[PDB]
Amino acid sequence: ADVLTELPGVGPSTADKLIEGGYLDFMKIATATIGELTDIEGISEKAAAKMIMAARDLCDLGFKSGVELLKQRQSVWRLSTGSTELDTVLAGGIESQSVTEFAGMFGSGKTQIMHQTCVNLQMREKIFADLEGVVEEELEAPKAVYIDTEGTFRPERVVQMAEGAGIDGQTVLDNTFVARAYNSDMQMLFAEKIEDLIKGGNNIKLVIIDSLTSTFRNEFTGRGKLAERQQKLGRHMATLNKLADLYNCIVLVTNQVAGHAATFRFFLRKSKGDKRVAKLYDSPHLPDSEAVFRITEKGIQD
């Protein structure tokens, strides 16, 4: 919560050094390590360790039980994919505070789904949030971040899907940030820079990395230095998982295939005609199931 001066032991000066260093929220200080904190101007370990321990207090990061376990879960909001069967398989839609992956072969529809989610994010009938754990002012003016890795982002497809949904295409475009990444370094940097958008008043609620693995697969072709690949990709994933937890946003990624973390995993396959099949083969509380949907001029439906 923006007002760092409330942090016992933290004055206006210290606080200044903080907001600069990237800490503007209590949670980010509470979940920080003495290292990443002392790496700032004049912040000693005693001062670093103390505020850190104090931020945890403010946020009440302790042991929870009984009904309190159900409260933490109500903070997770979901987004509709546009498909009824798909949302039912996700028990609502795509979850915030998690990374969900859509893997599949060429033309299976991974990119189409990413575009649709930017459109649905701008319609509150598409957003399913529990009011007991998500105050609507937190969902106000939601913005998306689309890190394009192959250059497949299509402004016209979003406008078309927006028409199909019954809203203004230009509106979706105004509330969507697109960053073209030409390599793994750029992909990773863009993801670390999302914190800057939020510091700039932008309520980033949807982060898309399309695709998550093509650059890594391009820069580490030799299956000898396959360990350096997993290490770099491993850091990228922790950054993504952390920003989904900290800013209560959903993280969406695509993967082309013919291993890395992610809480929900789907296999997408072409079927007859405009039909498609999405199979959930991995999640912590949902069973493996399949969903049939279509891709059309309107976008994703059924």
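Start at 1 and count along the sequence shown; that's the residue number.
Between residue 258 and residue 259, how many deposited residues lack coordinates (none, 1 to 3, 4 to 9, 10 or more)?
-> The entry has a long gap there, with 10 or more residues left out between residue 258 and residue 259.
Mean C-alpha temperature factor, higher of 127 to 135 and 100 to 108 = That would be 127 to 135.
Comparing 18 to 26 with 282 to 290, the one whose average Cα B-factor in the PDB entry is higher = Per the PDB record, 18 to 26.
Taking the Cα B-factors listed in the entry, which of 265, 235, 46, 242 comes out highest?
-> In the PDB entry, the greatest C-alpha B-factor among 265, 235, 46, 242 is found at 46.
Kindly indicate the residue among 40, 246, 251, 277 with the greatest C-alpha B-factor in the PDB record.
-> Among 40, 246, 251, 277, the highest C-alpha B-factor in the entry belongs to 40.
Hey, what third does residue 182 fall into on Cα B-factor, ranked over its chain?
-> Residue 182: CA B-factor falls in the lowest third of its chain.
Determine, from the deposited record, the chain-internal third of the Cα B-factor for residue 167: lowest, middle or highest.
-> Tercile = highest for this residue's CA B-factor.
Compared with the other modelled residues in the chain, in which third is the CA B-factor of residue 224?
-> Top third by C-alpha B-factor.
Compare the C-alpha B factor of residue 203 with those of the other modelled residues in its chain, then answer lowest, middle or highest third.
-> As the PDB entry reports it, the C-alpha B-factor of residue 203 lands in the lowest third of its chain.
Just say lowest, middle or highest third for the CA B-factor of residue 74 relative to the other modelled residues in its chain.
-> Its C-alpha B-factor, which the entry lists for residue 74, ranks in the middle third among residues of this chain.
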